[PDB]
């Protein structure tokens, strides 16, 4: 008698418990991701879905889900969902902005600093015993990295996470440039940031941070010609999506010294293995953990629940991504 939601992953219990008050809830509890054929089977009679970036919510899913009215992504990105087709069908799509902004902006800085200061390579040198075995405490030319103070940070995608990365950069006294679809004077005045065309941001920055969604417009925007514009001392950080960067071109740039290093949280396929990329000591790698804090987790689970419960009550969900759907079908289950 309650509407039915399938949750494709073991998200925090707080969100599951909130949903159990208002829905019949099914939760995929396994460590492994749900196989595609099982996803298609399980959506047969669901009114709602909570999905991860690992599930491709495309036309084929919709065709196999005739009761589905709302998809809540447990993520701020939604490049895994065919939102135009959802809108067509009157299906509401929600995401999780804001509650993971600080985690991801912190992780961008974690990657920036780790890459700039040789933290991963340094740790291996110590931890392996090589430092002790070689017998040399310190040398003035070892492990030299790059300053941030007074340097220019270039933020590609000046949204929630991009602005939060700029806020952190102000603590390092950085000159802040950004490229975005829009220009925002509030954030400009609060942070001292300045808009420039993309190729100017790439030419003038000491650190380039990617914080855009994946769309047709941002696919491979960091390509071979764009990388050639960057400084040979510059560090690239990708916390956005893997396919914003042409990895083949990035490998060439790193090997040939077109840029100095890269910190990457996201990859063209996940999981990822690339022997050539992974052989480089001027890259730092993390497995798509930008939003991985206990608190962001929990807050994302609450927010997915709030969206689905608002929808049940005939309210517009607070983090609806496809507002055009409202005029197509009003909220609620039938």
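Positions refer to the first chain, counted from 1.
In this crystal structure, the stretch out of 108 to 116 and 228 to 236 whose C-alpha atoms carry the higher mean B factor is 228 to 236. Of the two stretches examined, 189 to 197 and 259 to 267, the record assigns the greater average C-alpha temperature factor to 189 to 197. When the C-alpha B-factors of 173, 96, 101, 223 are read from the PDB record, the largest value belongs to 223.
Looking at 252, 181, 168, 241, the one whose CA carries the top B-factor in the deposited record is 252. Annotation for residue 306: CA B-factor lies in the middle third of the chain's modelled residues. The PDB entry assigns residue 53 a C-alpha temperature factor belonging to the middle third of its chain's modelled residues.
Residue-level temperature factors show residue 82 in the middle third of its chain, judged at the C-alpha atom. The deposited CA B-factor of residue 209 belongs to the lowest third of values across its chain.
When all modelled residues of the chain are sorted by CA temperature factor, residue 292 is found within the lowest third.
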